[PDB]
Structure formats: C-alpha cells, structure tokens
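Colleague: Would you mind keeping the following structure in view while I ask a few things?
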Amino acid sequence: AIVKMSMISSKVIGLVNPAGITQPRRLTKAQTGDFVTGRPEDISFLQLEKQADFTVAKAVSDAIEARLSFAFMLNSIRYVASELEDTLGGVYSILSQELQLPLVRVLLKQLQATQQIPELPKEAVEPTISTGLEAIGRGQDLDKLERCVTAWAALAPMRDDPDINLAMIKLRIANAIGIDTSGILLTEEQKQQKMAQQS
Amino acid sequence: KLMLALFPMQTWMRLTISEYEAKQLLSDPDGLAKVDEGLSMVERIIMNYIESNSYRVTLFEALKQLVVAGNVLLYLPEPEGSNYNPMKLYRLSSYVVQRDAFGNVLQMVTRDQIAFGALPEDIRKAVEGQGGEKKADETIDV
Amino acid sequence: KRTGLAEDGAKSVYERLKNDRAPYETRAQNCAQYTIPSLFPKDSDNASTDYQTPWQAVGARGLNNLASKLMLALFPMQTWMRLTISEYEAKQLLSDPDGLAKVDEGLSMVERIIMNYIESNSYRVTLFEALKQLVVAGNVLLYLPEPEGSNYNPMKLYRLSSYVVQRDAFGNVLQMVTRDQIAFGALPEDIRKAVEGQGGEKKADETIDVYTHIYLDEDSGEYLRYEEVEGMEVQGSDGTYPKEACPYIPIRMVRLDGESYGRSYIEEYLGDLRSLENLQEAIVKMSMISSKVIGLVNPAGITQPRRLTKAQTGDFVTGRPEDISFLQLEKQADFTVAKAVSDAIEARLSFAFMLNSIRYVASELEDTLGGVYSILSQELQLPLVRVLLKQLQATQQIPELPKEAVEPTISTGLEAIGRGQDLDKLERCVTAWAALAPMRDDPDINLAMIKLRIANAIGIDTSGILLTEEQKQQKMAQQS
C-alpha cells in the first residue's frame, strides 16, 4: 500500500483552473524568464492528501517489523546459541538431535567401515554427545583444569606450614570443582612408590 | 546464525567414555588419558572429513530449507576411496516419508531425475534392458 | 563419427541450446540496465551506443560493494586453501610424527606454489570480473588453458552470451559449448590450415567462429572435448578430460533444481530497483521542471515587463511588485512521501548489499547478509584449486608423490583461512605449558598428566610436540 501511494505521488498533473486566464500553451512555448501573461494561483498541481493514513500505516509497519526482527534475531560460540539463537526460538536443541547427532552417528560408522578412524577400545561404546550446548568446545573441562591448577599454584608459600596438609586441601578443592584427579594428583600410595623408586 | 551455532569452526561433537566403566579394566589413569586422546583424534578426523567433502554448504542449504519449510532428507553415500562425495540434499519436492504417532514407522521414498548417459552403470544397463534404447538427453526417474 | 550428443555438431547444439538460454539473457540484461548497464550489453549493442546511467544509482554501488567483498573474502592476498592429510591413516604407514611434520611442510609448500601460480597469472582480476558477472547474472564459464612452460596464461573468461550449458535435475549431465570469435590472425596454426583447406581464400581481418563442445561419453566414460571451427572439427583438437578435472568449470550463483543455471543475486531484488528508479526519475524530473523560471505578470496590473527588461541596476521603474509573480512547483507533500519511500527502499537495498556494514567480512558480514557465499566456495574455489592441481602436477611445478593419501582440498573459505585454526590451538597450549613451571617442584602432582590433559582439552595433536613416557625414556637412555 505504501509503495503504491508513493507511485501515485510520483505522477505530476498540472491542474489549471478554467475560470483563470493563464493559458498553458504560452507556458510551454517559453524559455527561461520570458515574462508571460497569467496568474500563479491559476496553475495548481494534484497532490495525494492521504497523509494521516500514511502515518498510521508506517507506525503499524514499524511495529510489525520490530516484532519480526526480535523473532528473527535481527535485533540481537555460546552467546550465539544458549543466549540468543536458543532463546529467540528453541530450535538449536531440537536440531542437535535431528541434524547433528544423526550425521555424526552415520559419519563415524562409515569412517569405521573404511580404515580412516579404526576403533578397537573394547571398553565402552564411545557415545556421541553432540548436543552442542553440552559439548560446544569439548565441554567445560579446560576451565575446570586451569582453575584447579591455578589453585594448586597457590598454597606454595605455605608449604612449610606443618599445621595444614597440602594434599588434603588440594583434593578438597578438586572435589569442590568436581574435576577428576585420578592420575593428575598422586595419592598416598603413588607418592610413596614414587619416593621409593627415586631413592 | 544456526549454521554458526549448530556447526561451528570448533569441534561440535564430543566422544565420552563413561568413567568408572573403563577404569575397572584399565591399568593407570595414563590409559584413560590415552583413550581420551584417541577420542580427540577421532573428533579431529571427523572435522577433517566434514570439511574435505564440503558438508558445510549442503548443511547451510538444508538449514535454510528447514527455516523456510522445515523438512530435508540428507543422503550420505558410502565412502569410496578418497574422492569427495558430498551428501546429496533432497528438498521436500523430491521425497516423501510416512510416520506413525511415535514416528517409529519409516517409509522414505526419494525421487531423483538423472538423464540416461549419466545414470550409474547398473541403472543404465537396467533401464536399457527394461526397454530398448534411451536418448542421452531424456530424463529417467529413479 | 562422433557419438551421442555430438552427431549433429557443435554449431547445431549451440543453436538449439541458445533458445533455452534466452530468459537468462533477458533477466541479466534487465538487471544490468537497472544497475550499471555497461556490464551486460545486448548482443546487438555495439560501439556508438550510449548507456543511460540509472537514476537510482544504488544498484551500481551495491553491485560494486558485493563484488569487492566477495573478492576480499573468497580470494584474499594470503593463502585461502588448506591441504589435508587424513590423519592417522598415514600414521599407520609412517615412521615417526616428524614424518607427519614433513608432510605438513610439503603441503604448505604446495599451497605456496599454488599462490605463486595464481598471482603470477593475474587470476585476481579475471576472478573479480567473473564474480561481478555472477552477481549481476549468475553464470560464467572459466576455461583454464593447459600450462605451457612459465609464460603467463590467464584463464579465458567466457561471458554468458559466449556459451551454453545443459543440465539434468542433478546437473550431472553436461553438454557445454563455448563460442568465441577469432579474426583469422590469432588462430592457431592447426585451425588456420583446417579452415584454409575447407575454404578458399580468406582475409586476416574477417572473423572466424570457433566452437568448443564437451559432452559426456555415451558409454561409461569421461568428458570428450573437441573444437569445431566451420562444419568439420579440427583433427589437432581431440583432448579428453576426466569427469573430475574439467578445466571449463561452469559457475552458478543461486542453484535451483531443474534449471541449468542463473538466478543472480540481484535477480530477487529487481523489484526494489524498479521502484527506487521510478521514484528517483520522478524526483529528478520534478527538479528539472522547477529549474525553469517563468515570470507570470498579471494583465489586470500596471507593471509592463518591457520597462523592467530595459532597465539597469536601480533605475526606478513604475509598477507594483504584486503584478509580477513566478509559477512554482507546489508539489511538496508528494515530494516528502516520495523521498521517504525512496529512502526506505535505499536502506533495505543497502543493508541487503552490505553497504551499511577476512573471516569477519566472510563467515559473518558476507554470510548473515547475502544468504550463501559458501556456494561460491564449492563452485569457484574448490574447482579452481582442483584444476590448478593436476595441472601444476602434470607439469613439473609442484611435487607429485603422495603415496600416502589423496591430500584432499578444503579450499572453501570459512573452513580454511590461514591454515585452519591450528596456530591458535598451538599458541594456547604452548602458553599453558610455559606455565606450571613454578609448581614443577611439587611431588603431589604429575606435570606430564596435566600437560596431556590440557592438550586433549584443546584438541590439538600432541604426538610429536609432547614426548610421551616411552619416547622420553629412550631419549634419556640414548643421552646417558
């Protein structure tokens, strides 16, 4: 509607009042200047008076565009998923079970059928957990590991503090983080056997 | 946005081990770390295969089709040597599906118009045998 | 003697297929007319023709900006394809990870040689022209001539009007004919002798039509290529190319099932261009009308223009100011509404053409806006990287001794800009390893375990960079 009103507006028509004295022939057959007989009020141009309707139409169109943009994320990685992209329509979690997992379940088995990713663990089935949000960047294992290693870096000044037990604190903070320290942290037996081997 | 979220540059799938199921049959945690390293290698190889076969373009086309008309069938041909074989995207107009209430029942039929002369050898001989001679231009429905 | 698809002849098939190419030519001509018209002139159009400039003048800017952005993203100055190795399939047939490092170095050397060849042949300008033609009328045929020594041989770009293509629903069936005119002066010797034998006496000026036709072998074969000059082919040109490494590489911007090619990016914004150009033409014509000045003098008054004209500065003249008046274009509100609508159209087109904006101007900017630029990364990039290879490989310009894998190409931009992201995943792990030094004298922890764990978390391959227990043991034993 707005575009068609604009097209209507584009056309120019010269409304000349018959009761007047201005004759368009002498207007057309005249160069720049060239004083001509007539009155300006006689010549008038048709105009599209439909303005308020234009304003209300523009307001409604703006509102519809705003709601659609909010719906299409035009008015906005994990901030490109979890927040925004999984909040403006929860389809990043329904298409992670329809497109992501099925593809990695078929791609892995085919690549096993050929000799490109030989698997022979005999321990587990190595389940695929594509579930992007869950495993966007190999999970939140690097953050946990760096935090626990940084914490272990501290407490170094207080090594010569017989009252406290460094290993106990280290294991307690590891448990608090929830990280697995089966091999990272040497248990009592591991420490004793390492000391014996060192001799 | 969905293509930058679902399928990003960084690994998008993780291979889990279900700890305490492999620990019992394992010598020292170094074995668990080696298992995790092997899983990471498998993930890297999956990245390599997905990127080498131009899967991203087909996935983006499928994603756009899903947004406009949510449905697409992605056929993954069996690997043959190393020559790239991108998944042949099937739009809505080319395939049909049948589902029960649960979706357990599947009956998927895909229609592809390949002109004689480009028909896989087996199909070329099959169509030639069923009838007489097929023009190299006319389309053959498979 | 030619089999199916070629018995009638290259000329006949080209004439037959030209009728199916007409709609694409017409839409390309319309798109060119509303954008820069000189880009895609009509066949009849020739010298002495004036290309009236479009009124809107946003289509030209948008086309130029899209072409520039696509050149910058798809084909940057630095490397834009990465050679893969299919890890752990070579390790089974490889001695030590140092061999993997050497293989990676060789692949990098191959990539550098490809960059050198692409730059030395002015591929950038031809590719820019091809991208612009794709944006205005998405279809181009890029012929890559067989390398000869080291002399420059830029690809011979073929505009839409110079060739035809035939595709089935999949597009597997190809029957490509390219028409080019050579004025009997640059004709290679074989073609010149062929035409001289077929005909009588020719002139060095008159044009000679040369048709190159390639088609699928009727049997389980590859593409058959031959050149037809006038009725009969030339015995010299009997080349045969594999279905994979075809150096003609037809291109399409927007691919639709059934259609053999076309659907330019500007094709689906042609309505916006139409409306904006109509509005701008109306506004400009209104301005031109307003430019004319006419002195409307009321006859009922007493002011006579003759004494007004025959008077110097000052020179008091009898009359009344109200007698003399000038007609004006009072069409003002219409001007406001037309300006508002034209501005809205310009804004939508501008952000659609990226006017109101390597890796950010690509996987973003030229991605969220522009639909798919990754179709030109599988239709232009990969095919060119797969022909440059096997051509530089048939000639002795790149090493040819894989004997491990086929070394796939991941040329497609987003995936490979700057040899992937290996350098970041390496600098991060090296920075992590640089740390943990102060806690080395900590009997509680095993540093190697944390190093391996962080390497696994990053996902980088640590086969050679990090010495495992065994290799460290042999190294220490040998050092003694």
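Ligands are numbered from 1 in the order shown, residues from 1 within each chain, and chains are lettered A, B, ... in the order they appear in the structure tokens.
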Can I get the residues of chain C within 6 Å of chain A, each with the closest pair of atoms and their distance in Å to one decimal, using only C-alpha atoms, sorted chain first then ascending number, as a Markdown table?

Modeller:
```
| residue | atom | partner | partner_atom | distance |
| --- | --- | --- | --- | --- |
| C:89 | CA | A:116 | CA | 5.6 |
| C:282 | CA | A:10 | CA | 5.5 |
| C:292 | CA | A:32 | CA | 5.6 |
| C:293 | CA | A:32 | CA | 5.0 |
| C:294 | CA | A:33 | CA | 4.8 |
| C:295 | CA | A:35 | CA | 4.3 |
| C:296 | CA | A:36 | CA | 5.0 |
| C:297 | CA | A:37 | CA | 5.1 |
| C:298 | CA | A:38 | CA | 5.4 |
| C:327 | CA | A:40 | CA | 5.1 |
| C:334 | CA | A:9 | CA | 5.1 |
| C:338 | CA | A:6 | CA | 5.4 |
| C:444 | CA | A:186 | CA | 5.4 |
| C:445 | CA | A:185 | CA | 4.7 |
| C:446 | CA | A:184 | CA | 5.6 |
| C:449 | CA | A:184 | CA | 5.5 |
| C:457 | CA | A:142 | CA | 5.6 |
```

Colleague: Go ahead and write the residues just picked, N, CA, C and O atoms, as a PDB file, in the first residue's frame.

Modeller:
```pdb
ATOM      1  N   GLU C  89      45.538 -42.162   9.160  1.00  0.00           N
ATOM      2  CA  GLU C  89      45.609 -43.117   8.065  1.00  0.00           C
ATOM      3  C   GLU C  89      46.999 -43.160   7.457  1.00  0.00           C
ATOM      4  O   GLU C  89      47.391 -44.186   6.889  1.00  0.00           O
ATOM      5  N   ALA C 282      11.147  10.302 -11.050  1.00  0.00           N
ATOM      6  CA  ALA C 282      10.112  11.297 -10.794  1.00  0.00           C
ATOM      7  C   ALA C 282      10.680  12.504 -10.059  1.00  0.00           C
ATOM      8  O   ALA C 282      10.375  13.651 -10.404  1.00  0.00           O
ATOM      9  N   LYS C 292      13.138  25.533 -14.521  1.00  0.00           N
ATOM     10  CA  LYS C 292      12.620  26.536 -15.439  1.00  0.00           C
ATOM     11  C   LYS C 292      11.976  27.680 -14.665  1.00  0.00           C
ATOM     12  O   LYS C 292      11.232  27.461 -13.704  1.00  0.00           O
ATOM     13  N   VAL C 293      12.260  28.911 -15.090  1.00  0.00           N
ATOM     14  CA  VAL C 293      11.748  30.112 -14.441  1.00  0.00           C
ATOM     15  C   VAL C 293      10.897  30.877 -15.443  1.00  0.00           C
ATOM     16  O   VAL C 293      11.358  31.188 -16.547  1.00  0.00           O
ATOM     17  N   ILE C 294       9.659  31.175 -15.057  1.00  0.00           N
ATOM     18  CA  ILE C 294       8.720  31.917 -15.891  1.00  0.00           C
ATOM     19  C   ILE C 294       8.152  33.056 -15.059  1.00  0.00           C
ATOM     20  O   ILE C 294       7.735  32.847 -13.915  1.00  0.00           O
ATOM     21  N   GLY C 295       8.138  34.256 -15.630  1.00  0.00           N
ATOM     22  CA  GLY C 295       7.605  35.413 -14.941  1.00  0.00           C
ATOM     23  C   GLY C 295       6.152  35.670 -15.271  1.00  0.00           C
ATOM     24  O   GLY C 295       5.837  36.251 -16.312  1.00  0.00           O
ATOM     25  N   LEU C 296       5.254  35.248 -14.387  1.00  0.00           N
ATOM     26  CA  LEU C 296       3.823  35.412 -14.610  1.00  0.00           C
ATOM     27  C   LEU C 296       3.424  36.824 -14.204  1.00  0.00           C
ATOM     28  O   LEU C 296       3.456  37.169 -13.019  1.00  0.00           O
ATOM     29  N   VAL C 297       3.044  37.641 -15.182  1.00  0.00           N
ATOM     30  CA  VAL C 297       2.635  39.023 -14.955  1.00  0.00           C
ATOM     31  C   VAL C 297       1.127  39.106 -15.126  1.00  0.00           C
ATOM     32  O   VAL C 297       0.583  38.655 -16.140  1.00  0.00           O
ATOM     33  N   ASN C 298       0.454  39.678 -14.137  1.00  0.00           N
ATOM     34  CA  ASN C 298      -0.999  39.766 -14.166  1.00  0.00           C
ATOM     35  C   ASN C 298      -1.428  40.853 -15.144  1.00  0.00           C
ATOM     36  O   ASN C 298      -1.041  42.013 -14.969  1.00  0.00           O
ATOM     37  N   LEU C 327       5.557  31.239 -11.430  1.00  0.00           N
ATOM     38  CA  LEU C 327       4.919  29.960 -11.150  1.00  0.00           C
ATOM     39  C   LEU C 327       5.913  29.024 -10.481  1.00  0.00           C
ATOM     40  O   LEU C 327       7.110  29.046 -10.780  1.00  0.00           O
ATOM     41  N   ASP C 334       3.905  15.534  -1.842  1.00  0.00           N
ATOM     42  CA  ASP C 334       4.250  14.384  -2.667  1.00  0.00           C
ATOM     43  C   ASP C 334       5.756  14.172  -2.687  1.00  0.00           C
ATOM     44  O   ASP C 334       6.233  13.032  -2.664  1.00  0.00           O
ATOM     45  N   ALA C 338       7.498  10.708  -1.463  1.00  0.00           N
ATOM     46  CA  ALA C 338       8.391  10.014  -2.380  1.00  0.00           C
ATOM     47  C   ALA C 338       9.786   9.887  -1.789  1.00  0.00           C
ATOM     48  O   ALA C 338      10.421   8.833  -1.904  1.00  0.00           O
ATOM     49  N   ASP C 444      53.293 -33.759  44.751  1.00  0.00           N
ATOM     50  CA  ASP C 444      51.921 -34.253  44.740  1.00  0.00           C
ATOM     51  C   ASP C 444      51.431 -34.511  43.319  1.00  0.00           C
ATOM     52  O   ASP C 444      50.740 -35.505  43.065  1.00  0.00           O
ATOM     53  N   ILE C 445      51.781 -33.635  42.380  1.00  0.00           N
ATOM     54  CA  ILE C 445      51.203 -33.640  41.041  1.00  0.00           C
ATOM     55  C   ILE C 445      52.196 -34.197  40.033  1.00  0.00           C
ATOM     56  O   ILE C 445      53.418 -34.126  40.211  1.00  0.00           O
ATOM     57  N   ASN C 446      51.651 -34.765  38.957  1.00  0.00           N
ATOM     58  CA  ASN C 446      52.409 -35.208  37.792  1.00  0.00           C
ATOM     59  C   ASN C 446      52.175 -34.191  36.681  1.00  0.00           C
ATOM     60  O   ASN C 446      51.063 -34.088  36.153  1.00  0.00           O
ATOM     61  N   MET C 449      50.907 -35.367  33.163  1.00  0.00           N
ATOM     62  CA  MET C 449      49.486 -35.683  33.094  1.00  0.00           C
ATOM     63  C   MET C 449      48.664 -34.436  32.792  1.00  0.00           C
ATOM     64  O   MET C 449      47.769 -34.461  31.941  1.00  0.00           O
ATOM     65  N   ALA C 457      42.125 -31.320  25.954  1.00  0.00           N
ATOM     66  CA  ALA C 457      41.028 -30.364  26.040  1.00  0.00           C
ATOM     67  C   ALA C 457      41.060 -29.393  24.868  1.00  0.00           C
ATOM     68  O   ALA C 457      40.021 -29.097  24.268  1.00  0.00           O
TER      69      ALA C 457
END
```

Colleague: Would you give me, as a ChimeraX atom specification, the residues of chain B that come within 7 Å of chain A, using only C-alpha atoms?

Modeller: /B:1-2,5-6,10-17,22,29-30,42,78-79

Colleague: Write the residues you've just listed into a file as an mmCIF file, in the first residue's frame, and include N, CA, C and O atoms for each of them.

Modeller:
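Below is the file selection-v9.cif, written as the result:
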```
data_model
loop_
_atom_site.group_PDB
_atom_site.id
_atom_site.type_symbol
_atom_site.label_atom_id
_atom_site.label_comp_id
_atom_site.auth_asym_id
_atom_site.auth_seq_id
_atom_site.Cartn_x
_atom_site.Cartn_y
_atom_site.Cartn_z
ATOM 1 N N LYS B 1 22.950 -17.789 11.484
ATOM 2 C CA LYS B 1 23.137 -17.908 12.953
ATOM 3 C C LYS B 1 23.139 -19.382 13.345
ATOM 4 O O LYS B 1 24.067 -19.793 14.057
ATOM 5 N N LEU B 2 22.144 -20.149 12.901
ATOM 6 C CA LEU B 2 22.032 -21.592 13.234
ATOM 7 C C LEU B 2 23.266 -22.326 12.707
ATOM 8 O O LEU B 2 23.724 -23.247 13.387
ATOM 9 N N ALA B 5 26.106 -21.757 14.961
ATOM 10 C CA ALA B 5 25.834 -22.311 16.305
ATOM 11 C C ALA B 5 25.907 -23.832 16.253
ATOM 12 O O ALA B 5 26.778 -24.402 16.926
ATOM 13 N N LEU B 6 25.026 -24.459 15.476
ATOM 14 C CA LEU B 6 24.982 -25.936 15.352
ATOM 15 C C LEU B 6 26.343 -26.410 14.846
ATOM 16 O O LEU B 6 27.015 -27.094 15.614
ATOM 17 N N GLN B 10 34.947 -24.667 15.571
ATOM 18 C CA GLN B 10 35.458 -25.521 16.676
ATOM 19 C C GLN B 10 34.698 -26.846 16.691
ATOM 20 O O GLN B 10 33.553 -26.862 16.214
ATOM 21 N N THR B 11 35.302 -27.913 17.218
ATOM 22 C CA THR B 11 34.660 -29.250 17.301
ATOM 23 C C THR B 11 33.272 -29.065 17.902
ATOM 24 O O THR B 11 33.167 -28.298 18.871
ATOM 25 N N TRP B 12 32.252 -29.717 17.342
ATOM 26 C CA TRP B 12 30.856 -29.591 17.833
ATOM 27 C C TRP B 12 30.380 -30.911 18.436
ATOM 28 O O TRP B 12 29.284 -30.892 19.020
ATOM 29 N N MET B 13 31.133 -32.012 18.316
ATOM 30 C CA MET B 13 30.749 -33.242 18.990
ATOM 31 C C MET B 13 31.872 -33.701 19.909
ATOM 32 O O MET B 13 33.054 -33.478 19.637
ATOM 33 N N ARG B 14 31.485 -34.348 21.001
ATOM 34 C CA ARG B 14 32.413 -34.897 21.976
ATOM 35 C C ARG B 14 32.159 -36.388 22.126
ATOM 36 O O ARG B 14 31.008 -36.830 22.157
ATOM 37 N N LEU B 15 33.236 -37.159 22.204
ATOM 38 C CA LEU B 15 33.156 -38.593 22.434
ATOM 39 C C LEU B 15 33.416 -38.851 23.914
ATOM 40 O O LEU B 15 34.520 -38.600 24.405
ATOM 41 N N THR B 16 32.405 -39.345 24.617
ATOM 42 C CA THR B 16 32.503 -39.605 26.044
ATOM 43 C C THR B 16 32.922 -41.048 26.291
ATOM 44 O O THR B 16 32.819 -41.911 25.416
ATOM 45 N N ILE B 17 33.399 -41.299 27.507
ATOM 46 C CA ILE B 17 33.904 -42.614 27.876
ATOM 47 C C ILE B 17 33.125 -43.249 29.019
ATOM 48 O O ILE B 17 33.278 -44.459 29.254
ATOM 49 N N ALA B 22 35.332 -47.815 32.233
ATOM 50 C CA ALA B 22 36.639 -48.156 31.693
ATOM 51 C C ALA B 22 37.722 -48.216 32.759
ATOM 52 O O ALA B 22 38.748 -48.868 32.540
ATOM 53 N N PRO B 29 45.695 -44.249 35.231
ATOM 54 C CA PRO B 29 44.951 -43.172 34.562
ATOM 55 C C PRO B 29 45.598 -42.701 33.270
ATOM 56 O O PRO B 29 44.944 -42.047 32.450
ATOM 57 N N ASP B 30 46.882 -43.011 33.077
ATOM 58 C CA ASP B 30 47.506 -42.734 31.789
ATOM 59 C C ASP B 30 46.748 -43.428 30.665
ATOM 60 O O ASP B 30 46.626 -42.887 29.562
ATOM 61 N N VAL B 42 39.822 -38.954 16.906
ATOM 62 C CA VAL B 42 38.663 -39.328 16.102
ATOM 63 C C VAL B 42 37.824 -38.097 15.783
ATOM 64 O O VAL B 42 37.329 -37.935 14.661
ATOM 65 N N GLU B 78 28.035 -43.995 0.765
ATOM 66 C CA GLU B 78 29.114 -44.747 1.386
ATOM 67 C C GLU B 78 30.452 -44.248 0.843
ATOM 68 O O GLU B 78 30.596 -44.088 -0.376
ATOM 69 N N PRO B 79 31.442 -43.989 1.697
ATOM 70 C CA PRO B 79 32.740 -43.538 1.185
ATOM 71 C C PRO B 79 33.330 -44.541 0.208
ATOM 72 O O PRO B 79 33.232 -45.755 0.397
#
```

Colleague: Which distance in Å separates CA of residue 130 in chain C and CA of residue 178 in chain C, to one decimal?

Modeller: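 Distance between the two atoms: 15.8 Å.
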
Colleague: With distances taken over only C-alpha atoms, which residue among C:301, C:62, C:314, C:383 lies nearest chain B?

Modeller: C:383

Colleague: What lies within 10 Å of residue 27 in chain C using only C-alpha atoms, ignoring chain neighbours under 2 positions off, as a PyMOL selection string?

Modeller: chain C and resi 22-25+29-33+136-137+262-264+266-267+270

Colleague: Put those residues in a file: C-alpha atoms, as a PDB file, in the first residue's frame.

Modeller:
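The file below, selection.pdb, is the result:
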```pdb
ATOM      1  CA  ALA C  22      17.139 -16.607 -23.762  1.00  0.00           C
ATOM      2  CA  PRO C  23      15.294 -15.979 -20.451  1.00  0.00           C
ATOM      3  CA  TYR C  24      18.557 -15.820 -18.511  1.00  0.00           C
ATOM      4  CA  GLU C  25      19.974 -13.337 -21.013  1.00  0.00           C
ATOM      5  CA  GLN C  29      20.028  -7.521 -19.373  1.00  0.00           C
ATOM      6  CA  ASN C  30      17.291  -6.130 -17.124  1.00  0.00           C
ATOM      7  CA  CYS C  31      19.482  -6.426 -14.027  1.00  0.00           C
ATOM      8  CA  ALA C  32      22.351  -4.733 -15.861  1.00  0.00           C
ATOM      9  CA  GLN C  33      20.060  -1.952 -17.077  1.00  0.00           C
ATOM     10  CA  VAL C 136      24.579  -9.336 -11.970  1.00  0.00           C
ATOM     11  CA  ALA C 137      23.804 -12.560 -13.884  1.00  0.00           C
ATOM     12  CA  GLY C 262      21.167 -18.445 -13.454  1.00  0.00           C
ATOM     13  CA  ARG C 263      19.255 -16.697 -10.664  1.00  0.00           C
ATOM     14  CA  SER C 264      21.646 -13.838  -9.987  1.00  0.00           C
ATOM     15  CA  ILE C 266      20.256  -9.017  -7.906  1.00  0.00           C
ATOM     16  CA  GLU C 267      17.516 -11.072  -9.577  1.00  0.00           C
ATOM     17  CA  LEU C 270      14.988  -6.284  -9.077  1.00  0.00           C
TER      18      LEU C 270
END
```

Colleague: Using DSSP on the backbone, list every residue of chain B that comes out as strand (DSSP E), and give them as number ranges by chain.

Modeller: B: 73-75, 88-90, 95-96, 109-110, 113-115, 139-141

Colleague: With a cut-off of 9 Å, could you pull out the residues of chain B touching chain C and give me the nearest pair of atoms for each, distance in Å to one decimal, using only C-alpha atoms, ordered by chain and ascending number, as CSV?

Modeller:
```
residue,atom,partner,partner_atom,distance
B:1,CA,C:368,CA,6.9
B:4,CA,C:363,CA,8.3
B:9,CA,C:415,CA,6.7
B:10,CA,C:421,CA,8.7
B:11,CA,C:459,CA,8.4
B:29,CA,C:449,CA,8.9
B:30,CA,C:449,CA,7.4
B:33,CA,C:453,CA,6.9
B:34,CA,C:452,CA,8.8
B:36,CA,C:456,CA,7.0
B:37,CA,C:456,CA,5.7
B:40,CA,C:459,CA,5.8
B:41,CA,C:461,CA,7.1
B:42,CA,C:88,CA,9.0
B:43,CA,C:459,CA,8.5
B:44,CA,C:459,CA,7.6
B:45,CA,C:87,CA,6.5
B:48,CA,C:86,CA,6.7
B:49,CA,C:86,CA,7.7
B:51,CA,C:410,CA,5.9
B:52,CA,C:410,CA,4.8
B:53,CA,C:410,CA,7.7
B:54,CA,C:378,CA,6.9
B:56,CA,C:374,CA,7.8
B:57,CA,C:374,CA,5.6
B:58,CA,C:375,CA,8.8
B:60,CA,C:372,CA,7.7
B:61,CA,C:372,CA,8.0
B:64,CA,C:371,CA,8.7
B:81,CA,C:406,CA,9.0
B:82,CA,C:406,CA,6.3
B:83,CA,C:406,CA,7.9
B:84,CA,C:408,CA,8.0
B:112,CA,C:169,CA,7.4
B:113,CA,C:169,CA,5.5
B:114,CA,C:168,CA,6.4
B:115,CA,C:168,CA,6.1
B:116,CA,C:173,CA,8.5
B:117,CA,C:218,CA,5.4
B:118,CA,C:173,CA,5.8
B:119,CA,C:172,CA,8.9
B:120,CA,C:220,CA,8.6
B:121,CA,C:220,CA,6.7
B:135,CA,C:4,CA,8.3
B:136,CA,C:4,CA,6.8
B:137,CA,C:5,CA,7.9
B:138,CA,C:168,CA,8.8
B:139,CA,C:168,CA,7.1
```

Colleague: Can you tell me which residues surround residue 75 in chain B at a distance of at most 7 Å, considering only C-alpha atoms, apart from same-chain residues fewer than 6 positions away, and format the answer as number ranges by chain?

Modeller: B: 87-89

Colleague: List every residue of range 178-240 of chain C that DSSP, applied to the backbone of this structure, assigns to helix (DSSP H, G or I), and report them as a list in words.

Modeller: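 Residues meeting the helix (DSSP H, G or I) criterion: residues 189, 190, 191, 192, 193, 194, 195, 196, 197 and 198 of chain C.
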
Colleague: Show me, as a PDB file with N, CA and C atoms, in the first residue's frame, the residues that have an atom within 10 Å of residue 350 in chain C when counting only C-alpha atoms, minus same-chain residues fewer than 6 positions from it.

Modeller:
```
ATOM      1  N   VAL C  58      21.984   3.275  -6.735  1.00  0.00           N
ATOM      2  CA  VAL C  58      22.339   2.499  -5.550  1.00  0.00           C
ATOM      3  C   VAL C  58      22.640   1.074  -5.988  1.00  0.00           C
ATOM      4  N   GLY C  59      22.030   0.652  -7.095  1.00  0.00           N
ATOM      5  CA  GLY C  59      22.327  -0.667  -7.625  1.00  0.00           C
ATOM      6  C   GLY C  59      23.777  -0.804  -8.037  1.00  0.00           C
ATOM      7  N   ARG C  61      26.371   0.915  -6.826  1.00  0.00           N
ATOM      8  CA  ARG C  61      27.178   0.871  -5.614  1.00  0.00           C
ATOM      9  C   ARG C  61      27.052  -0.480  -4.926  1.00  0.00           C
ATOM     10  N   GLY C  62      25.834  -1.013  -4.847  1.00  0.00           N
ATOM     11  CA  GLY C  62      25.649  -2.311  -4.221  1.00  0.00           C
ATOM     12  C   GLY C  62      26.372  -3.420  -4.960  1.00  0.00           C
ATOM     13  N   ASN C  65      30.102  -3.065  -4.336  1.00  0.00           N
ATOM     14  CA  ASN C  65      30.447  -3.453  -2.976  1.00  0.00           C
ATOM     15  C   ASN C  65      30.385  -4.965  -2.799  1.00  0.00           C
ATOM     16  N   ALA C 344      13.511   4.564   2.352  1.00  0.00           N
ATOM     17  CA  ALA C 344      13.295   3.235   2.921  1.00  0.00           C
ATOM     18  C   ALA C 344      13.795   2.146   1.978  1.00  0.00           C
ATOM     19  N   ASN C 356      25.850  -0.901   4.322  1.00  0.00           N
ATOM     20  CA  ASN C 356      25.816  -0.329   5.662  1.00  0.00           C
ATOM     21  C   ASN C 356      26.434  -1.260   6.702  1.00  0.00           C
ATOM     22  N   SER C 357      27.461  -2.011   6.320  1.00  0.00           N
ATOM     23  CA  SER C 357      28.123  -2.929   7.239  1.00  0.00           C
ATOM     24  C   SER C 357      28.719  -2.174   8.422  1.00  0.00           C
TER      25      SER C 357
END
```

Colleague: Find the residues near range 198-212 of chain C: any atom within 9 Å, counting only C-alpha atoms, skip ones fewer than 5 places away on the same chain, and give them as a ChimeraX atom specification.

Modeller: /C:10-11,14,176-185,187,191,193,225-230,232-233
